[PDB]
Amino acid sequence: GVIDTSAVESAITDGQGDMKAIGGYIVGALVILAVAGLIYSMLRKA
């Protein structure tokens with residue numbers, strides 16, 4: 001019958017399992033591709 005010591009286990013128990021493991025790699029690849037776009041910026045002459 002605890003209303004706070006047990007809460008800390010709840011977060012661990014409920015950390016977050018739902019496509020977060022495989023899904024995290026998919027978003028990471030999108031960020032590297034945006035970096036290549038800067039090369040076209042040379043045409044801007046800035």
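Residues numbered from 1 in each chain as written, not as in the entry; some residues may be left out. Heavy atoms only, no water. Residues with missing side-chain atoms left out of burial classes, pairs and counts.

- Deposited coordinates in this entry are attributed by the record to solution NMR.

**Some thoughts on the overall build of the protein chain**
Now for step 1: Within the protein chain, the regular secondary structure consists of 2 helices and 0 strands.
Now for step 2: In terms of principal-axis extent, the alpha carbons of the protein chain reach across some 70 × 25 × 5 Å. (Helix = DSSP H or I, 4+ residues; strand = E, 2+ residues; numbered from the N terminus.)

**What about the UniProt feature "transmembrane region" in the protein chain?**
Now for step 1: The UniProt entry lists residues 22-42 under the feature "transmembrane region", expressed in the numbering used here.
Now for step 2: Here residues 22-42 is 95% helix and 0% strand, with 35 Å between the C-alpha atoms at its ends. (UniProt positions renumbered as here; feature names shortened; annotations may be inferred.)

**Considerations on unusual backbone geometry**
Now for step 1: With a phi close to 155 degrees, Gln16 is a non-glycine residue in the positive phi region.
Now for step 2: By the element assignment, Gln16 lies in the loop between α1 (5-13) and α2 (20-41).
Now for step 3: One non-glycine residue, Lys45, adopts positive backbone phi at about 65 degrees.
Now for step 4: Tracing the backbone shows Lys45 in the segment after α2.

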